[PDB]
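There is one chain below, alone, in structure tokens, taken in the form deposited in one PDB entry.
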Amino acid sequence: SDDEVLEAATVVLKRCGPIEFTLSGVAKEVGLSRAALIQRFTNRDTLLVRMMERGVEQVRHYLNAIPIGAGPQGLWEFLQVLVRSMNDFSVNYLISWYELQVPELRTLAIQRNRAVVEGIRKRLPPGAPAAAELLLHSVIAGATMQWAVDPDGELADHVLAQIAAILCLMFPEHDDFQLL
């Protein structure tokens, strides 16, 4: 079923991290034999390259479907949508550690982040400070890590409180950012 296989496989990676992720665990999740998974994907790391190659493509593609909206409020609303969409959890710190380990993964991690910085830019209102998009990308990552270490309330509220704080710095003319 071949694309059933990276679906099942992303569920296994989620469950046990990239060090314990094995072709046998995916063959189990998916209902085929290890033997078949080996001749189809050869190894763990080839299979993570594919799943990621596809992961990069669903991102490029979410970003894109978001139509570029109006004003500082366009940016806020977007950032809100982007942040609420992030789904233990320190498993993505294991996942980002391992992405930097396999050059093929590191390439695609680089493509994923570039892509996400680009979509933030595209939403940037006339005259935003230089590199606002990098600054914004940093707060999102940085504030998510804060919360994973020393969590307080929901992730999104923790992150979004700091994005709204940086959006007031960026657009001191606009009225304080909020929502519902």
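Counting begins at 1, following the sequence as shown. Here, rigid core means the biggest group of C-alpha atoms that superpose within 1.5 Å across both forms.
Where coordinates are absent for parts of the deposited sequence, a chain break appears; between neighbours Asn87 and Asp88 it spans 1 to 3 residues. Two stretches are in play, 54-62 and 22-30, and the higher mean C-alpha B-factor belongs to 54-62. On average the C-alpha atoms of 11-19 have higher B-factors than those of the other stretch, with 154-162 and 11-19 being the two compared. For the set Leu47, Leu135, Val116, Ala70, the PDB entry assigns the largest Cα B-factor to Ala70.
Sort the chain's modelled residues by C-alpha temperature factor and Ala35 lands in the middle third, per the entry. When the CA B factors of the chain's modelled residues are split into thirds, the value for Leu82 lands in the middle one. Sorting the modelled residues of the chain by their CA temperature factor places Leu94 in the middle third.
Separately, the form deposited in another entry exists; it is not shown, and the next lines address it.
Following superposition on the rigid core between the shown form and the other one, the residue from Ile38, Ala141, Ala148, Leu134 with a C-alpha displacement of 2 angstroms or more is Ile38, and no other.
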